[PDB]
Structure formats: structure tokens, C-alpha cells
């Protein structure tokens, strides 16, 4: 069967998540070894098990080695069938990382797939959920995918308490994405949230981000959201709407980090993403990879990330050579789908 080396490259959870997703899509069983080698705490942790179990449910799969601390996993899918998914990730485990994996699988079911996921909506080392709703879905629509991703309640580190609900439709009509350079920025929009914290936190984040983006000379509208959950947290995402795709930048609130810095950092990230003039930002760059194998097309990315390289590695391990890549990790890049499947 297809065997994936979990120590390849960046060697973390990404290779694990994408591999099971591809197994689920292709129907080909997969063995993953050396799980999370490049980490202080190697092996399967509870967060990874929730993702694995969700996909197992979707694919009626047999699974072996799916235990906390395990370094090796075998996943044998059966037919993919639209089921209602409920996932309670522990504490502030990232909803968006689970969702990034689930999305490409779910759109290959024959009927609408609804989901509810609890955990962290806005945690470090992953995209904020508002990025998925407003940037990722916007891009997926271009290739024929339709869905919703809604924040019912925010969850931050460490307490969690987040609730996300949504659905995707079956990907029946696939079309290619051709997204090289953008021509112009049309407008900036964003969402600045504060949870169990004073409303001035959301305001000051939004104001600082806006100030930092005035230089682009386009309208800027950053909505504020003040909400309730089981712990304090804040964050902001801003996105540039271009003639092609949206590019995004984000930052998370942190105890002892003033709200102005958080807002400025999100703006600076967006500015960094926009700099090369390429259509696809660094986050969307990895997220698109599993879909592009099936839609076809070409994307130019502001920055090639390890996750993008990891995703290509996995998809090609399942499907043969698919992608031509021009550029090194950390540089702007060009990704062409040579052969659509």
C-alpha cells in the first residue's frame, strides 16, 4: 500500500492530516510511519486522533495504530459516505487544522456534509477560523466548491470553548483556477474580535491595522466583534480583495501585548503577502494543493511554505507526478498542475 514517511521535511502533523485525507479521497489505504518526528513530543497526540477518527467515520475505515504515543498508523478506507460530523477537539486544539484536512475529503462525498467542531477557533500556529470563512472559501468557490464555515462561539488558548458549524456541498462541477499576478487591490475588509475582554481591545486592533494599511489607497472596512466564551482572547484578520483572489493577514491577542501591536502585525502580514504581486497568499498556497490536483490550473504564491511542499509530497505520493514547482521554500513561487486527475 501507499507508505508515507512522517519524518519527511517539516515532519509534523500536516503530513499526517493530509495523508489520511488523500487516503479518504482516493480510496487507497495508507501507512504512515515516523509520525511527528520533528517535534519535542513525537508520535500521535489526542488532537491528531480526533482528526483521524473523523475521517475514519466519513470513510467507514479500518484503522490500526491509532493510539496516543504511536509512531505508526495504518488507515484503510471503504466507500466515502456523507455523514454528519461532530468533533470535540481537546481544549484549544485547532479547529482550522482539522477543518483544512476535512474539507477536501468532505467535498468528495455524494451528498451535503454538515459539521460541528469544538476546540480552538483562534490559536497560534494555525489560521484563524475567520480566515477560512472569508479567504479560503472565497478561493474554493472559484473552482466550484460551495460551503459555509460559521463561528458560533470563540475558543482561545488555553481554555478553548470554541464552536464552529458549517457544511460543504458535493464537488460536482470542477473548474480550473488560473491565478498568477493580481492587477489591483479593490478593497480591504477585516474582522477584529475580542472575547471576555473590554471592547476597546477590538477597536484598537482594528484602528491600528487600518492606519497601517492606509498606504495602499483603497477603502478599508474592519468590523468589530465583542463576544462571550469560557475564557479571554482576541484576534484580527484583514484581507485584500483583488481582481482575482483574496489575500489575508492575521494576528492573535496575547497577555501583555498591546492591542495596537496586534493590529499592526496583522496589517504587516497582509502587506508581506501582497508584496510579490502574486494572487495566492502563503496560507491559501498550501490549502489549495489537495484541490488543485483535481481542478487543474496554476497558482503563483507569495511564499512557498513547508506545508505547501508537504502537501505536494503527499498528493503526488498518492496520485503520481502532478505538480511543477518553480521556487524554493520561503520564496515566491509558481505552481502548475501538469496533469489533472
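Residue numbers count along the first chain shown, from 1.
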Entry B factor averaged over C-alpha atoms, 140-148 against 234-242: higher for 140-148
Averaging the C-alpha temperature factors as deposited, the higher value of 54-62 versus 278-286 falls on 54-62
The residue of 189, 203, 181, 269 with the maximal C-alpha B-factor according to the PDB record is 203
Of the residues 217, 193, 264, 154, the one whose Cα carries the largest B-factor in the deposited record is 217
Among the modelled residues of its chain, the C-alpha B-factor of residue 334 falls in the third labelled lowest
Of the three thirds of the chain ranked by Cα temperature factor, residue 25 occupies the highest
Of the three thirds of Cα B-factor ranks in this chain, residue 126 occupies the lowest
Residue 247: CA temperature factor from the record, placed by chain third, in the lowest
Binned into thirds over the chain's modelled residues, the C-alpha B-factor of residue 134 lands in the lowest
